[PDB]
Structure formats: C-alpha cells, structure tokens
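In structure tokens, one chain follows: the form deposited in one PDB entry.
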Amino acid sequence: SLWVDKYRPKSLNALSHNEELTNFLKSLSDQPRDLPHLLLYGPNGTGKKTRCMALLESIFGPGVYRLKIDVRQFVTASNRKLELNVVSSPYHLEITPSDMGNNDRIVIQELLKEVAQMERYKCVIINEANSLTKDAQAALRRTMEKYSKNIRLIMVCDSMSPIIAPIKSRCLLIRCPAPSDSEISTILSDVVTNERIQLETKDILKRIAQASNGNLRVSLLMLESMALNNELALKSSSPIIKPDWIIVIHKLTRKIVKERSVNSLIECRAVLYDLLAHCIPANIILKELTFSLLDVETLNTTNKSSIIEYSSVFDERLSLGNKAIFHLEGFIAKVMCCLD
C-alpha cells in the first residue's frame, strides 16, 4: 500500500507529533467509563482521524481496526429512499451525515436511536461535523442529551465556528494544530529509512515539508511521488512534485498575470470548466487561485489588496450560490480589471 497508509500510527504509542495531545488522549483512555463527547477541530491532514482511531484502539482494542462497511437504507417522510455508507465495527460506528445533504438530521435521528436500542456503550465518529446543518446539530444535541448512557460522539471538523454553542457546551473541545516542519521532516525520515530511500541530504525532506504547508498527508504522498519519480534515490536537485490541479491553477495564475483581456478570460473559463468537471471543488479552486495570485512578485500592494477583497466577495458568493463557474469567472474578470 501507499506509504501514507502503510505507516499510519495504529495506536496512541505510535503517534510521533503533538506529544501533549497524545498524553491527553492517553489520560482520556485511562478512564473509558467516563469518556466525554469529543469535538476535534483543526487543519486538514494533521492526524485527527488517526488520533480518534488510536484512542478507540486504546479504549477497546485492536478490534476497532477490523472495519466493515455497510449501506443502510432509511425510511423517511415523503417516502424517500436514502442510503448511508456506515463504516461499522464490533465496537464503533463511523458516519458522514453531510453526504446526505439536508436530510442528515433524519439520517442521524433514525440511526443513533437504533444504536442506543442495540446496546457499555458504542462510539460514533461523525466526520465533517462543521458542514452539518443547524437542524442536524440540534438533533445531535438531542441525541447527546437522551442517549448519553449508550452513545459517545466523536465529531471531527476543520473549523469549530459552524458548530453551535449547545453542542460546544456539552462536548470537549480538542484543538489539533498542524505539525511543525521539523516533526514532518522526522516522520518523512522515518518513512524513508523504513523504505530504504537514498538521500543526498536531509534538507530535501525539509523542502517537502515547506511544500506541504503543514499537511502531513500531502507531505507523505509528495514524498512517495518524488521517490517513485527519482528511482528511489532523492537528490538535492529533485524538483518538488505538485498535483495536477495545482499545476493547472498555477499556470492559470501566470496566464492571468501575463495577459489581461477578454480572450484570456475566455480561455480561463475553459481551464476552470476542466478543473470543475474533474472533481476539484470550487472553494478549493478559488483559494488556490487567490493564494497563487498573491504570490506573484510583479504585483504591488494595491493589486494584492484588490485581489484579496475580490476573493472574499466571491467566496461569499460561492457559498451563497449554485453555479460555481459564474462566481469564479466573475472573480477572474475583476482581478484582470484590477491588474490592468
């Protein structure tokens, strides 16, 4: 398997970064009976899901890792058919109710109650808790109050702001900061020593960390790709490998900066259409485009300020809209006008 998955820590002892959080999780697992509801919030690819699984293993055992998958169908008012992919285990459940759109609440109430009927307790891990609707969060608070005896919720999110105060009061907030570049370098060094990868110097690993912006998953996958390209021998001159969509977005940024015209906008539209059609989210496209534009060295302070203002405006418009290409094209046109 990929090195990101093969060397993922399978226990609280195998975690290497954020020692304080590891000690806190060990203390939490030392008293399984009084386990509180948890809400782990932090940047993507920092190890939240890995830490949740390690805590579950500490409480129950290795059997949490013997994971099964099952599609569960829910009967709802209006007689609609909804299917949810539950990753279950003989000790815990994992759900992503946001995949059910605005039906997530009726998905949760039907499911969690059932679990409470099937039961010391069974843990439920809710992914993307920040993207749940407010009604779903109210239902989650109701299930926390009613079924605290048999249900312990472990919510994972990238930002706790969308979470409601009633949930925050009844749950333990756990902040998971992204690892420092030194810790990422240490992890990559352990991976390359395990995989017997040649290194001209350790600085290459440092560069990889600086390329991942604190994203451990991205850094590990980038290291694997670089090793595969360089015949398992990384040199100091080995270029940093970026994903296809990031390269496309950087090319788009260079095109926008170089030429500002209507034809350039027309071709930027085709580039954006390709990116959107190949499952690149609109918010990701906008954020990457904005932060590539802000890194151009030929733009002055006024241009960058206008760019970030337009980015904020059209980010709000993307969050309030349906057709993403409309807002992306509007943002690019405004940036082109600002630069010219």
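Numbering starts at 1 and runs along the sequence shown. Whichever C-alpha set is largest while still superposing within 1.5 Å between the two forms counts as the rigid core.
In the record comparison, residue 119 is unmodelled in at least a third of the other entries of this protein that model the residues flanking it. Coordinates are given for every deposited residue between residue 267 and residue 268; the gap count there is zero.
Missing here is the form deposited in another entry; even so, the following discussion is about that form.
Aligning the rigid core between this form and the one not shown and inspecting 215, 189, 264, 133, the C-alpha positions shift by 2 Å or more at one residue, which is 133.
Taking the rigid core as fixed, one finds a CA shift for residue 233 smaller than 2 Å between this form and the one not shown.
Superposition of the core reveals a Cα shift of 2 Å or more for residue 35 between this form and the one not shown. Superposition of the core reveals a Cα shift of less than 2 Å for residue 252 between this form and the one not shown.
Relative to this form, in the other entry the C-alpha atoms of residue 276 and residue 98 approach one another by 3 angstroms or more. Cα of residue 276 to Cα of residue 134: at least 3 Å shorter in the other entry than in the shown structure.
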